[PDB]
Undergrad: 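Sending over a structure as C-alpha cells; questions will come in a sec.
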Amino acid sequence: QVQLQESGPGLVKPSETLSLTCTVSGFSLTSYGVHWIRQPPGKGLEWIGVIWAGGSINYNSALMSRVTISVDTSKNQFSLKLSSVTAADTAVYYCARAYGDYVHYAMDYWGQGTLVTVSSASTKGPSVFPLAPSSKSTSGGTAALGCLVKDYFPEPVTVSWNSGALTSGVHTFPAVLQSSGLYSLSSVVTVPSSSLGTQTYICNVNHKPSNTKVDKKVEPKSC
Amino acid sequence: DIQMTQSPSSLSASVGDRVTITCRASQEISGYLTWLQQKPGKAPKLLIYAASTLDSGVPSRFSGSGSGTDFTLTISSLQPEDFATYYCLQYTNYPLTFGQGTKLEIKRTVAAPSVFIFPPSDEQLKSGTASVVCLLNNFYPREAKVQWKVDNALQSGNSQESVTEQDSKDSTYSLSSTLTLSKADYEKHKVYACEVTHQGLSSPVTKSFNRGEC
Ligand code: NA
Ligand code: NA
Ligand code: NA
Ligand code: NA
Ligand code: NA
Ligand code: NA
Ligand code: NA
C-alpha cells in the first residue's frame, strides 16, 4: 500500500532555511519519484518541483533559486530545502508520487501535508479547559461536551477523543485568532446523556510545534 | 506558464443534481488534464487523469471530458459526501499548474440548531479568565444570529464565532460563539445567556445559567 509522509519543523524563523522530508513506502523508487506542492492557507496549489526515478530534477522556475530537492533511497525519503523563507512561504507542504516520461509528468497519491508557519515569534503551547456537560448542554437523550484549546501559536493542534475511540459526532472548530495574536479553538462531541456517570471522556490535544501533549478529562457539572 | 482557468469559482447545488465544472487552458495541453478533489482538512485526492479516465475506486457519477483547451468535470447525481474543492491540473508542460479551484456547496432543507451552553471551568477561572461557550449544532442554512446577553444587556466586542464546514453526511453546519471576560468582569454579573435566531426556529431560543450555580 502506497504511503507518503511529510515531516517538517512547524515554525521557521524568517530568512532561515526550511527543511522537509517525505518518507515513502509501498512502491519502487526505481519507478517513481515525488512532486513537491504547497498550499498557502485558504489559497490554491502551487507546484514546487519534482525529482524523478533516475535523479532528474525539474523546478518551478519562480522558486528554483531557493529550492533544493534530493533523494536518499536507503532511507526511502525525499527532501526539499527552501532557503531565505519569508511569510510568503507559510503554507501546507505536500509531496505526491510522480510517474511519467518526457511528454507527461503525472502525479497520483499525496501525503497528508505539513503546515510550515514562517514567523519571528516564538512557539506557545495551548491551555486546555473542559467544556463540562450539564442539563444546560442536554437536549433529551443527547448531551454535548468539549474542550477549549486556548492561546497557542502556531497552527495546528490535533484533537482526538478517548484516544481515537470516540469519533462519531465530533466537531473540531477551525481555529480563531484572538487579539493577543494567539489561536484558540474548541472540540465538541455529542454523547448519550445517560452516559455521563458511566463513561469517561478525555480529549487528547497535541500541539507539535511546542512538543505539548495534553489529555484533559471532561467531568460533568450539576446545573 | 499555462494558465488554468476554472469556472465557476464557487457553486451550490442540491443532492441529486447534475453539476458541471469547466477548466480552460491558455494553451493546448492535449489530454494531460487531471481533476482533484480536496475535502476540508485533507490532502487533494485524484479523481480523473488523462482528461477522462476515472481512477480506481472513484464513484461512477464522476466523469471528465474535453480536449485541447476546454475540459469539463461532471457529477451526475451530487451526493452530500461530494462537498469539496475541485482542482484541475495540467501536466504536459513545466511548471505544472492548477486551476484556482471550485468550491462545491450543497443545498439542503432548513434544519434548526440544537443550542448548548457551557459555563467556564474552574481551572480557567483560577487563571483569571472566564470563557463562556455557546454551541449551535447541526443546522442549515449557515446564516445565524447569536447574541450574548449578560443580565439582560446585549454584549458586543467580547465574543468570537467559529463555524464548521458542511458535514459530509447531512450537509449541516455547527457554530461556536465564545464570550471571554476577565474573572473580575465575569464576577460582576449573574445571568449569562446566548439568544439564537435562525430560519429553522419559530422563535429565538435562549440558553442561560447563573454564575456560581453550577
Ligand atoms: Na527547518
Ligand atoms: Na496556483
Ligand atoms: Na500562455
Ligand atoms: Na485563559
Ligand atoms: Na448556507
Ligand atoms: Na470543519
Ligand atoms: Na428564530
Side-chain angles (χ1 to χ4, degrees), chain A residues 35-40 42-50 58 60-62 91-92 94 96-101 103-110 113, chain B residues 1-14 17-40 42-79 81-106 165:
Chain A
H35 309 260
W36 288 98
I37 311 98
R38 70 191 182 171
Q39 187 172 33
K43 307 240 290 282
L45 301 150
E46 181 185 21
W47 180 82
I48 297 153
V50 65
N58 287 90
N60 187 333
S61 68
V92 171
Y94 304 95
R97 204 172 65 161
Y99 70 96
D101 43 50
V103 184
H104 77 280
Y105 328 114
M107 72 170 67
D108 40 17
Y109 298 82
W110 299 49
Chain B
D1 290 46
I2 298 181
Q3 329 299 343
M4 302 302 282
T5 303
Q6 239 167 291
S7 51
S9 57
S10 62
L11 192 168
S12 52
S14 299
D17 284 353
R18 157 179 277 248
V19 313
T20 280
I21 301 169
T22 62
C23 189
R24 295 181 185 82
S26 60
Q27 316 178 14
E28 293 240 356
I29 61 182
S30 74
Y32 299 128
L33 189 287
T34 273
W35 287 101
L36 301 170
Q37 176 194 64
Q38 191 174 39
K39 294 191 181 181
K42 296 165 191 181
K45 167 188 171 184
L46 174 60
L47 286 187
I48 296 168
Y49 56 96
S52 61
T53 298
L54 271 189
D55 191 39
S56 169
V58 181
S60 61
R61 60 177 186 280
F62 290 88
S63 165
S65 76
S67 57
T69 58
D70 300 293
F71 300 83
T72 296
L73 178 61
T74 298
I75 309 170
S76 64
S77 278
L78 183 64
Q79 299 299 303
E81 58 272 10
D82 298 331
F83 167 83
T85 306
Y86 292 85
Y87 291 93
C88 51
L89 160 77
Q90 70 82 16
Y91 55 96
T92 184
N93 179 264
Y94 290 116
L96 301 209
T97 47
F98 302 80
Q100 89 274 6
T102 303
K103 197 190 176 191
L104 165 56
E105 303 156 0
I106 314 296
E165 302 265 43

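Keep in mind that the numbers below use all heavy atoms, side chains included, and drop hydrogens, waters and symmetry copies. Every chain is numbered from 1 and lettered A, B, ... according to where its sequence line falls, protein lines coming before strand lines.
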Undergrad: Where the side chain of B:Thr69 meets the backbone of B:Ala25, is there a donor-acceptor pair that is under 3.5 Å apart?
TA: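 A pair under 3.5 Å: no.
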Undergrad: May I ask you to test the A:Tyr99-A:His104 pair for a side-chain heavy-atom distance under 4.5 Å?
TA: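 Answer yes - side chains close enough.
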Undergrad: Nearest 0.5 Å please: distance from the CD atom of B:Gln100 over to the CE atom of B:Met4.
TA: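 Going from the CD atom of B:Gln100 to the CE atom of B:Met4 covers 10.5 Å.
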Undergrad: With a 4.5 Å limit on heavy-atom distance, are the side chains of B:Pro44 and B:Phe98 in contact?
TA: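 The answer is no, as the side chains (C-beta and beyond) never meet within the 4.5 Å cut-off.
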Undergrad: Could you give the distance from CG (A:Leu45) to CH2 (A:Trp110), rounded to the nearest 0.5 Å?
TA: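 Reported to 0.5 Å precision, the distance equals 5.0 Å.
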Undergrad: For B:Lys39 and B:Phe83, work out which heavy atoms get closest and say how close.
TA: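 Answer, listing the atom of B:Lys39 first, then B:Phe83: CG-O, 3.9 Å.
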Undergrad: Hey, are B:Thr72 and B:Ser65 close enough side-chain-wise for a donor-acceptor pair under 3.5 Å?
TA: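 Side chains of B:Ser65 and B:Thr72: no pair found under 3.5 Å.
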Undergrad: Of all heavy-atom pairs between A:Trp47 and A:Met107, which one has the smallest distance, and what is that distance?
TA: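 Looking at all heavy atoms of both residues, the closest pair is CD1-CE, 4.2 Å.
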Undergrad: Minimum heavy-atom separation for B:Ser77 to B:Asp82, with atom names?
TA: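 Looking at all heavy atoms of both residues, the closest pair is O-OD2, 4.2 Å.
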Undergrad: Measuring only between side-chain heavy atoms, which start at C-beta, is B:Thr97 closer than 4.5 Å to B:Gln3?
TA: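 Side chain of B:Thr97 against side chain of B:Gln3, heavy atoms only: no contact under 4.5 Å found.
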Undergrad: Heavy atoms only: give me the nearest A:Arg38-A:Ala91 pair and the separation to one decimal.
TA: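 Smallest heavy-atom distance, with atoms named: CB-CB, 4.0 Å.
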Undergrad: Starting at CD1 of B:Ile75, measure out to OH of B:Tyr86 and round the result to the nearest 0.5 Å.
TA: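 Atom-to-atom, B:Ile75:CD1 and B:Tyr86:OH are 4.0 Å apart.
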Undergrad: Shortest non-hydrogen contact from B:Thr34 to B:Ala50?
TA: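 For B:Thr34 versus B:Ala50, the nearest heavy atoms are OG1-N, 4.3 Å.
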Undergrad: Any heavy-atom pair between the side chains of B:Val58 and B:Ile48 that's under 4.5 Å?
TA: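 No, side chains not in contact.
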Undergrad: State which residue, out of B:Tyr49, B:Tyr94, B:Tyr32, B:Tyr91, fulfils the ring pair (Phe, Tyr, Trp, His ring centres under 6.0 Å) condition with A:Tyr105.
TA: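 Testing each of B:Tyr49, B:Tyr94, B:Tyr32, B:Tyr91 against A:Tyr105, the sole residue satisfying ring pair (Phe, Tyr, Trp, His ring centres under 6.0 Å) is B:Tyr94.
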Undergrad: Measure the shortest side-chain to side-chain distance between B:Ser7 and B:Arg24 over non-hydrogen atoms and say whether it is less than 4.5 angstrom.
TA: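 Yes, their side chains come closer than 4.5 Å.
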Undergrad: Check whether any side-chain N or O of B:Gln90 sits under 3.5 Å from a backbone N or O of B:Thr92 as a donor-acceptor pair, and report yes or no.
TA: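 Yes: the side chain of B:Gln90 pairs with the backbone of B:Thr92.
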Undergrad: Is there a donor-acceptor contact under 3.5 Å linking the side chains of B:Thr85 and B:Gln38?
TA: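 Absent: no donor and acceptor within the cut-off.
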Undergrad: Do any N or O atoms from the side chain of B:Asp17 and from the backbone of B:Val19 form a donor-acceptor pair under 3.5 angstrom?
TA: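 Not a single qualifying donor-acceptor pair exists.
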Undergrad: Assess whether a salt bridge exists between B:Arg61 and B:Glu81, defined as any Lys/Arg side-chain N lying under 4.0 Å from an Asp/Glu carboxylate O.
TA: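 Counted as a salt bridge, because a side-chain N and a carboxylate O are separated by less than 4.0 Å.
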Undergrad: First locate atom NZ of B:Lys45, then atom CG of B:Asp55, and finally report the distance between them rounded to the nearest 0.5 Å.
TA: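 With rounding to 0.5 Å, NZ (B:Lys45) is 8.5 Å from CG (B:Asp55).
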Undergrad: If I take atom CG from residue B:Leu73 and atom OG1 from residue B:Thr20, how far apart are they, to the nearest 0.5 angstrom?
TA: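 Spacing of CG (B:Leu73) from OG1 (B:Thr20) equals 8.0 Å.
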Undergrad: Enter the distance from B:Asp1:CG to B:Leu96:CG here, rounded to the nearest 0.5 Å.
TA: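 If I round to the nearest 0.5 Å, the distance is 10.5 Å.
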Undergrad: For B:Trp35 and B:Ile21, which heavy atoms make the closest approach, and how far apart are they?
TA: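 Minimum heavy-atom separation between B:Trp35 and B:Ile21: CH2-O, 3.8 Å.
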